Structure formats: structure tokens, C-alpha cells
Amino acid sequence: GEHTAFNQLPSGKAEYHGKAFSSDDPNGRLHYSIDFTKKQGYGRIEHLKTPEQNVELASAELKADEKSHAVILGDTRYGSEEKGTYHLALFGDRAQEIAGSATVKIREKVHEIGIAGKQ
């Protein structure tokens, strides 16, 4: 439901699975891990038909945005090279859900990928 407030973050670690969908491919999958104690998250997009869109969602810090909402802003990578960025927001009293998006630049073309996951 509501955005998880940064100063209301649950304790420990969480694992998320869900969908990754581009404008022409609704069939990708998201895997994402959050360590609430270390304030860190990372994951990956998989199963999109374009191999280069199956990016690593590189290790990034869990921080507050200007509305005090718990967010993660990180880099997207493919073969260890930076391809763009991703933005995730946490939802629920226990950060049960994550949603946001990722960009992947392929041959000077930017691809926008919607991402969503649940514990």
C-alpha cells in the first residue's frame, strides 16, 4: 500500500521476486535482496528476450527521498559495465513490496524497464 518511511524500516533482510517489463516485453523477472541492517540492496533483471536488458541492479544504498520514503537509487550493469540507473521504492509496514524502474542504454538507445517485486 503506502510508501515505507525510511525511519520506519523493518529489521534484518528481505528477498523479492516479481516482474520486469519493458514497453515491448512484459515477461521479464526481477530478483532483489535488501539488507535492512546494512542499508543496502542489489539484484538483477532476467528473462527479457533482449539479452543486454537482463541487467545487474548493482549494490546501492537504501536512503530517504525528499518525502522521507525509503528508496534505492543505483546503477544498472551488464558484463560489469554501467548501462544506466535504477530507482526502487519500498511499500508496506514491513517493506513487503518494491516497485520502480530501470534504464538500460543499448547502442545509444535508452530502454525503460518497469520493475515490481514482493517478499
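Note that residue numbering follows the sequence shown and begins at 1.
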- Between 97-105 and 6-14, which has the larger average Cα B-factor in the PDB entry? 6-14
- Check the entry's C-alpha temperature factors for 30-38 and 67-75, then say which stretch has the higher mean. 30-38
- Query: Relative to the other modelled residues in the chain, which third contains the C-alpha temperature factor of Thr50: lowest, middle or highest?
  - Reply: highest
- Message: Can you tell me whether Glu56 has a C-alpha B-factor in the lowest, middle or highest third compared with the other modelled residues of the same chain?
- Response: lowest
